[PDB]
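The next block holds one structure in the form of structure tokens; read it before the comments.
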Amino acid sequence: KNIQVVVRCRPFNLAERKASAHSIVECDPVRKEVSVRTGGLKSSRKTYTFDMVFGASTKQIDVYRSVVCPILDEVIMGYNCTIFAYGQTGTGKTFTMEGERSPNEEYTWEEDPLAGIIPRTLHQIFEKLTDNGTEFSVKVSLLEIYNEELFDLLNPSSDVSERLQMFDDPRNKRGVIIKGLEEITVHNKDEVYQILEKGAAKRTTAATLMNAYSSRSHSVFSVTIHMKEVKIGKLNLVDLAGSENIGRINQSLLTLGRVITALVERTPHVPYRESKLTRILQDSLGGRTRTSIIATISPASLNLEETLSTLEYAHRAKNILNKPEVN
Ligand SMILES: Cc1ccc(C(=O)N(CCCN)[C@@H](c2nn3ccc(Cl)c3c(=O)n2Cc2ccccc2)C2CC2)cc1
Ligand SMILES: Nc1ncnc2c1ncn2[C@@H]1O[C@H](COP(=O)(O)OP(=O)(O)O)[C@@H](O)[C@H]1O
Ligand SMILES: [Mg+2]
Ligand SMILES: [Mg+2]
């Protein structure tokens, strides 16, 4: 199975209106195409084909149903799966993965239309497996990488500033062990909320200590499911550092790009080992994990170069061949 790649374009924001930008992106969900006007105010265009394309009016629940549900079914069959969010800062990586609370409304978080992939997925795991006849346990962890240092965001009994260490898994060699990373047992929906709420608070604190934390950090959220025979499924959701930090500094972003390139061009040495991120997610790039990428872009003319760079990177990635296998 090739890595599945989809593109999500967000609506114009106000900064873009204030810069007097115009729209240079057209999404065609039916043909699964996105075309970008490369000229200026018609003049030339590039068209890319992806596995799916979501336009500016795409709702959170549409992304979840079309992209994540099929993947969650594989996880429950006992596969490992990974979804990346990739793209320029401000294009919707975090909105897609986590979402938001609807403002002047109350919804419970379980029913809030702005909820993203993670809340929905966690809600549905308990929902599906309870109805199934059950016999399952769920644990979650959240690690962030900033300037090639690992932080555990979910450990309540720990300062956010304490970094973790990693070493290779003796008996895996294609995965690593992260010393001290808390894998927290989640007993139900309500506990999910309080656990991740503390995580959000620690993030806030980390941002006061580190420059441009939210745009330069990589976030890896993992949920592991044990089911009584299924048996063991794992889902990794990765919110990557803003893609403008490279293009055409951030060692993990850099190496991820080289790993993609090496895999597509079939070069002999794939440099997994040159960054924390690619060491952690090695099995997701050319391994036995089923992987999807969500590439987020801006519609606006002033982001032309970053949008093209994102679409080129995403387009190449879908040539990577994975070979999924159940745990
Ligand atoms: C419906 C809804 C959606 C999102 C939020 C929210 O803003 N949050 C904090 C900041 C978001 N960047 C939430 C949040 N935090 N968080 C830290 C790391 C990660 Cl990963 C997440 C994440 O996935 N969420 C979403 C979530 C997850 C489970 C249940 C409900 C919402 C926070 C209240 C929990 C609050 C309510
Ligand atoms: N599809 C979308 N529709 C409406 N608003 C969006 C969409 N994607 C992102 N936004 C908003 O744009 C801003 C930045 O999104 P964000 O997820 O933080 O970007 P990123 O994580 O890639 O830096 C926030 O206001 C966010 O809610
Ligand atoms: Mg973000
Ligand atoms: Mg980040």
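When reading the values below, keep in mind they use all heavy atoms of this one structure, side chains included, and skip hydrogens, waters and symmetry mates. Counting starts at 1 for both ligands and their atoms, following the listed order. FYI, the numbering just counts along the sequence from 1.
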(request) Look at atom 21 (O) of ligand 2 and say which protein heavy atom is nearest, naming residue and atom and giving the distance to 0.1 Å. (result) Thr94 N, 2.9 Å
(request) Could you tell me whether the Mg ion (ligand 3) has an N, O or S atom of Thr94 under 2.8 Å away? (result) yes
(message) I need the single residue from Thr255, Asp168, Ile178 that forms a side chain to side chain contact (heavy atoms under 4.5 Å, CB included) with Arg279. Which is it?
(response) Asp168
(request) May I ask you to decide if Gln88's main-chain N or O and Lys93's side chain share a donor-acceptor pair within less than 3.5 Å? (result) yes
(request) Could you verify whether a donor N or O on one side chain and an acceptor N or O on the other, from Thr82 and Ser284, lie under 3.5 Å apart? (result) yes
(message) I'd like to know if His123 contacts ligand 1, where contact means a heavy-atom distance under 4.0 Å to any ligand atom.
(response) no
(request) Assign the ring pair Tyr213 / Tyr146 to parallel, tilted or perpendicular, where the plane angle (0 to 90°) is split at 30° and 60°. (result) tilted
(request) Could you give me the CA-CA distance, side-chain angles and deciding distance for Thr108 and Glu110, then say whether side chain to side chain donor-acceptor pair (under 3.5 Å) is met? (result) CA-CA 5 Å; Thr108 59; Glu110 300 88 342; 3.0 Å; yes
(message) Can you see whether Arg37 engages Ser44 through a side-chain donor-acceptor pair at a distance of less than 3.5 angstrom?
(response) no
(request) Name the option, out of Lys202, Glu111, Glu98, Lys189, that contains the heavy atom nearest to atom 19 (C) of ligand 1. (result) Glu98
(message) Considering non-hydrogen atoms of the protein only, which is the closest contact for atom 17 (O) of ligand 2, and what is the distance?
(response) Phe95 N, 2.6 Å
(message) Any protein heavy-atom neighbour for atom 19 (O) of ligand 2 (distance below 4.0 angstrom)?
(response) yes
(request) Determine whether any heavy atom of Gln88 lies closer than 4.0 Å to an atom of ligand 2. (result) yes
(request) Using a strict 4.0 Å cut-off to heavy atoms of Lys93, name the atoms of ligand 2 that fall inside it. (result) 17 (O), 19 (O), 20 (P), 21 (O), 22 (O), 23 (O)
(message) We want to know whether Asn303 and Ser298 form a side-chain donor-acceptor pair, criterion being a heavy-atom distance below 3.5 angstrom.
(response) yes
(message) If we only consider heavy atoms of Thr91, is any one of them less than 4.0 Å away from an atom in ligand 2?
(response) yes
(message) Does any N or O of ligand 1 fall below 3.5 Å from an N or O anywhere on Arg101, backbone included?
(response) no
(message) As a test of understanding, state which of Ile117, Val186, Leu196, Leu235 forms a side chain to side chain contact (heavy atoms under 4.5 Å, CB included) with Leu122.
(response) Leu196
(request) Would you check if there is a donor-acceptor pair between the side chains of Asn327 and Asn80 at a distance under 3.5 Å? (result) yes
(request) Answer yes or no for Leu122: is there a heavy-atom contact with ligand 1 below 4.0 Å? (result) no
(request) Output the list of atoms in ligand 2 that are nearer than 4.0 Å to some heavy atom of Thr89, sorted by atom number. (result) 23 (O)
(message) When you measure from atom 7 (C) of ligand 2 to the protein, is at least one non-hydrogen atom found at a distance under 4.0 Å?
(response) yes
(request) Identify which one of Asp62, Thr58, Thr96, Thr91 satisfies the side chain to side chain donor-acceptor pair (under 3.5 Å) criterion when paired with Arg8. (result) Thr96
(request) Output the list of atoms in ligand 1 that are nearer than 4.0 Å to some heavy atom of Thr94, sorted by atom number. (result) 12 (N)
(message) Closer than 4.0 Å to some heavy atom of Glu197 - which atoms of ligand 1 meet that?
(response) 34 (C)
(request) State the atoms of ligand 1, each with its element, that fall below the 4.0 Å cut-off from a heavy-atom position in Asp112. (result) 1 (C)
(request) Under the side chain to side chain contact (heavy atoms under 4.5 Å, CB included) rule, what do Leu129 and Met227 come out as? Steps first, then yes or no, please. (result) CA-CA 9 Å; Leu129 290 182; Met227 298 156 284; 4.2 Å; yes
(message) For atom 24 (C) of ligand 2, which of the options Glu100, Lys59, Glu244 provides the nearest non-hydrogen atom?
(response) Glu100
(message) Before we go on, tell me: are the rings of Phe136 and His226 under 6.0 Å apart, centre to centre?
(response) no
(request) Consider only side-chain N and O atoms of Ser243 and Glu306, and report whether a donor and an acceptor are under 3.5 Å apart. (result) no
(request) Identify which of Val220, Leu142, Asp239, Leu196 has a heavy atom lying nearest to atom 28 (C) of ligand 1. (result) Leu196
(request) Decide whether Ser275 and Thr278 meet the rule of one side-chain donor and one side-chain acceptor closer than 3.5 Å. (result) yes
(request) Give the atoms of ligand 1, by number and element, whose distance to some non-hydrogen atom of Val192 is under 4.0 Å. (result) 28 (C)
(request) From the options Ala15, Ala56, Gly90, select the one whose nearest heavy atom is closest to atom 14 (C) of ligand 2. (result) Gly90
(message) Below 4.0 Å, non-hydrogen atoms only: which portion of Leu114 touches ligand 1? Side chain, backbone, both or neither.
(response) neither
(request) Kindly confirm or rule out an N or O of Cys9 lying under 3.5 angstrom from an N or O of ligand 2. (result) no
(request) Could you tell me whether ligand 2 has any atom less than 4.0 Å away from a heavy atom of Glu98? (result) no
(request) Could you tell me whether ligand 2 has any atom less than 4.0 Å away from a heavy atom of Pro11? (result) yes
